[PDB]
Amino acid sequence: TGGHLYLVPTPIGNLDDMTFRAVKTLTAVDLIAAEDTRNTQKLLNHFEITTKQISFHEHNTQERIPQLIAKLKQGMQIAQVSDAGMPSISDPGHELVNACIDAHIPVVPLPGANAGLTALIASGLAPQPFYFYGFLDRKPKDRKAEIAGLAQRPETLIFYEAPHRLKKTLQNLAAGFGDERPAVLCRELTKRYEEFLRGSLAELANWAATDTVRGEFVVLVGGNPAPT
């Protein structure tokens, strides 16, 4: 059996969100390439997986990718996992995938947890068509602009936001889209205090300024109801 790269999703805060095939695959490969081996090691212990790990992240790629490709061309079975959910949505994973396609190594993606889509289905927002975006820009000036250039998308839009940034990002959202644009926040997805907060953007920006904001948020935004 030739070398195969397996893309394996991991839980987003609930260990039972692991799949049977994820367990078997991580047990079966010769090596697991992880963003955070210390964090990943916790997951493997809980499922009693003994597979060795190798670190693989954004400070590693230029050194790690050729090492990984080489072991794959030798016939090694390798898994790539991220810190939470769906790997290879981000650059370091996506980059290893392209190297595999280039070296004609097969890539087997396992289906599994994705926070943006999991939130989407419970949001009450129209779940199809949809535009997954992720984090808005870190730089204040660059964010206000990428929002304005999205104010006409007619579909549900999906963002992620870090807690300390939620308030300001909701305000910009409301500035660039309109206060009365429907939206939904998903806090603590898959954990004890999982919570959806639904309302307008103005309404949710306000709420963000009054509360203890903890944990990563999914921020869902209804599309423009009359574009162009």
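All residue numbers refer to positions in the sequence shown, first residue = 1.
Trainee: Look over 83-91 and 101-109 in the entry and identify the one with the greater average Cα temperature factor.
Mentor: Per the deposited B-factors, the answer is 83-91.
Trainee: Quick one: say whether 74-82 or 121-129 has the higher mean Cα B-factor in the deposited entry.
Mentor: Of 121-129 and 74-82, the stretch with the higher C-alpha B-factor average is 74-82.
Trainee: Could you tell me which one of 180, 35, 161, 188 shows the highest CA temperature factor in the PDB record?
Mentor: Checking the PDB record, the top C-alpha B-factor among 180, 35, 161, 188 is at 35.
Trainee: Among 145, 115, 157, 151, which carries the highest Cα B-factor?
Mentor: 145 has the highest C-alpha B-factor of those listed.
Trainee: For residue 212, does the deposited CA B-factor place it in the lowest, middle or highest third of the chain?
Mentor: For residue 212, whose C-alpha B-factor we compare with every modelled residue in the chain, the answer is the highest third.
Trainee: In terms of the CA temperature factor given in the entry, to which third of its chain does residue 59 belong: lowest, middle or highest?
Mentor: Residue 59: CA B-factor falls in the highest third of its chain.
Trainee: Determine, from the deposited record, the chain-internal third of the Cα B-factor for residue 166: lowest, middle or highest.
Mentor: Lowest third of the chain for residue 166's C-alpha B-factor.
Trainee: By the record's CA B-factor, is residue 65 among the lowest, middle or highest third of residues in the chain?
Mentor: Highest third, going by the recorded CA B-factors of the chain.
Trainee: Which third of the chain holds residue 46 when residues are ordered by C-alpha B factor: lowest, middle or highest?
Mentor: Middle third - that is where residue 46 ends up once the chain's C-alpha B-factors are sorted.
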